[PDB]
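Numbered per the deposited numbering, the sequence shown spans residues 1 to 103. From the three backbone atoms N, C-alpha and C, an ideal C-beta is built for every residue, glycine too.
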Amino acid sequence: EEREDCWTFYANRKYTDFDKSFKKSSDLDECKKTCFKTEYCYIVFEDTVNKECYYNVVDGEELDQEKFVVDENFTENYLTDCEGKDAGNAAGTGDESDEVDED
């Protein structure tokens, strides 16, 4: 749906581990839908190069951007202070940190 969960972008990051269990299919819609689906609805990891979407389907509320280190080929965006829809749109996924072009 056009009312998404709003993912707040902070930085290109990874703490170099994907144990939190993510699934990758890149459909913006699919990702929202997956987010809305679990409990957690909150962390999403995107592959900057492949333009892919991994959605965190488990509790990783403790995944903090600032304890996270930079994985250059990934963009990290997490639902920050939304927990509802109403007007849900947030185009910031891989938007911050321009290296080559817009990435």
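If you draw a straight line from the Cα of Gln65 to the Cα of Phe18, it comes to about 14 Å. In the three-state reduction of the DSSP assignment, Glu30 falls in the helix class. The beta-carbon distance between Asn77 and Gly92, rounded to whole angstroms, is 6 Å. This is short enough to meet the 8 Å contact definition. Rounded to whole angstroms, the gap between the alpha carbons of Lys33 and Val100 is 31 Å.
Using a Cβ distance threshold of 8 Å, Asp71 and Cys41 do not count as a contacting pair. The Cβ atoms of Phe22 and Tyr55 lie closer than 8 Å to each other. Separation of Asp98 and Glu39 (C-alpha to C-alpha, rounded to the nearest whole angstrom) is 32 Å. The C-beta of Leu28 has fewer than 16 other C-beta atoms within 10 Å across all chains shown, which makes the residue exposed.
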